[PDB]
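Okay, so here's just one chain, in structure tokens, the form deposited in one PDB entry.
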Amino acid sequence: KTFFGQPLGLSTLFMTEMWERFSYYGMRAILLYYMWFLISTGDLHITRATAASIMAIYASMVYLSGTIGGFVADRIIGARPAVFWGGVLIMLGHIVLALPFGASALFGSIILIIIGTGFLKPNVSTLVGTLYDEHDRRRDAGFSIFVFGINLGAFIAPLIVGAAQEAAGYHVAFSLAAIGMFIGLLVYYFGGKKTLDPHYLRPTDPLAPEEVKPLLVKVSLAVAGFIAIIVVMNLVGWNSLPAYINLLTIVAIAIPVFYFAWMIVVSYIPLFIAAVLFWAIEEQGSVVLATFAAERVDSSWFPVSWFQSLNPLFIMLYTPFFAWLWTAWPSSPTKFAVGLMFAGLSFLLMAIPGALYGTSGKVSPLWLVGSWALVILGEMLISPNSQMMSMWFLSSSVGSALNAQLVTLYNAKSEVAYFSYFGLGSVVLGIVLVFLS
């Protein structure tokens, strides 16, 4: 009695993540349009460009939080409590948007989810690994099934939440996200006590006595430095929302710079950059492509948010092939290059409808279908150890930090140039990074 060849525990963690991803990507699929709505009612006094920037820096902070989430669980509170309380915080974040409020609830929701996802996401991934011995070949297959589940939740969420939004409004749809996380907590809590090892109720690598003080010092100085900067910003009149997003952008990008300066490994640099650039493009699906979907495609007969299901749809379709592919077959730097090339191609493709049909009309949904087909093909060359997982979340974070700057450039007037430039740039950088490495 297994779960697709794996210990029954995989099913628990599988569904936990699926429902977490459900709530996250359900919310993500309507959050931009929601902000558009708040803007249209004079409730939110920002440009659409800034709204787009918010989406990206939101994702960036979510991934940055995940970069330290593993650390907190492994050394302070434990992997199993981190997932649980992480889940609770996420649930609360969605509940906040379900409440009959407007723009004033946005920040609180974002904070809870950043902290919550930071606690949950790296650590459920950790718990998957705990289901096996250090020497078991199923480890790869098991984690592959796990990722299939992550995308299963990401697939159905925009369909369900998107349609719900169109039926009963935004707050009801957001509450469905909350309910989804609640389901995940149920399956995780009761299922976990039966499948998961109890040694992960506590930190497996607790802070040694002499480690606590210098850690505390470094956190204090960092937080103090950050706050001092914000003070200065408010004194000199740089306190607009983009100002804060720029601050966050700089912080997120500075982190690998000083983190890589620390070990300087120089072979890791092009790998990191390729990942950063790939995730930048991939994460623009929920922002730039979401915008294209709403403005440049006729979605008069279906929720336009449904386009967000295409990304994880292709993960699920490619998984059977690529599984067989690896059984029946490329260097790590090669995989990243070709992957980034596909990402670039996915944007070059998106440049065609505007150049061929103009930008003032509407084009076939198949353009976005083909685009996601291309970038997810690239993800297959990138997508599937506490330390490496951290670099993974970090690369994702920097990509979205970059997006926070980049997506503000996107509009109907700049559409073709935007997709062409960053599309061809990514293809070229793909070529450069494969030979540089």
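Quick note: we count residues from 1 along the sequence shown, nothing fancier. What we label the rigid core is the largest C-alpha set whose atoms superpose within 1.5 Å from one form to the other.
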Open item on the list: Is it the case that, in at least a third of the other entries compared (those modelling both flanking residues), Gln387 has no coordinates?
Closed with: yes
TODO: For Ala261, record whether it is unmodelled in at least a third of the other compared entries of this protein.
DONE: no
- [ ] Check the residues of the deposited sequence separating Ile264 from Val265 and report how many of them have no coordinates, as none, 1 to 3, 4 to 9, or 10 or more.
- [x] 10 or more
Open item on the list: Our gap detector needs a label for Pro384 to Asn385. Which class matches the unmodelled residues of the deposited sequence there: none, 1 to 3, 4 to 9, or 10 or more?
Closed with: 10 or more
TODO: Quick one: say whether 427-435 or 3-11 has the higher mean Cα B-factor in the deposited entry.
DONE: 427-435
Task: Higher-scoring stretch by recorded Cα B factor average, 79-87 or 197-205 - done: 197-205
Task: Options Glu295, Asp136, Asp74, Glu211 - largest CA temperature factor per the record - done: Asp136
Open item on the list: Highest Cα temperature factor in the entry, among the options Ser220, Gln284, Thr334, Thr291: which one is it?
Closed with: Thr334
Open item on the list: Please say which third, lowest, middle or highest, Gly116 falls into when its CA temperature factor is compared across its chain.
Closed with: middle
- [ ] Divide the modelled residues of the chain into thirds by Cα B-factor and specify which third, lowest, middle or highest, holds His45.
- [x] highest
Task: Third assignment of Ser144 from its chain's C-alpha B-factors - done: highest
TODO: Rank-wise, by C-alpha B-factor, drop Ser371 into the lowest, middle or highest third of its chain.
DONE: middle
Task: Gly361 - which third its CA temperature factor falls in, relative to the rest of the chain - done: middle
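Keep in mind that the form deposited in another entry is missing from the display, and what follows is about it.
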TODO: Fix the rigid core, compare C-alpha positions between this form and the one not shown, and report which of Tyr34, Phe393, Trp372, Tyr58 shifts by 2 Å or more.
DONE: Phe393
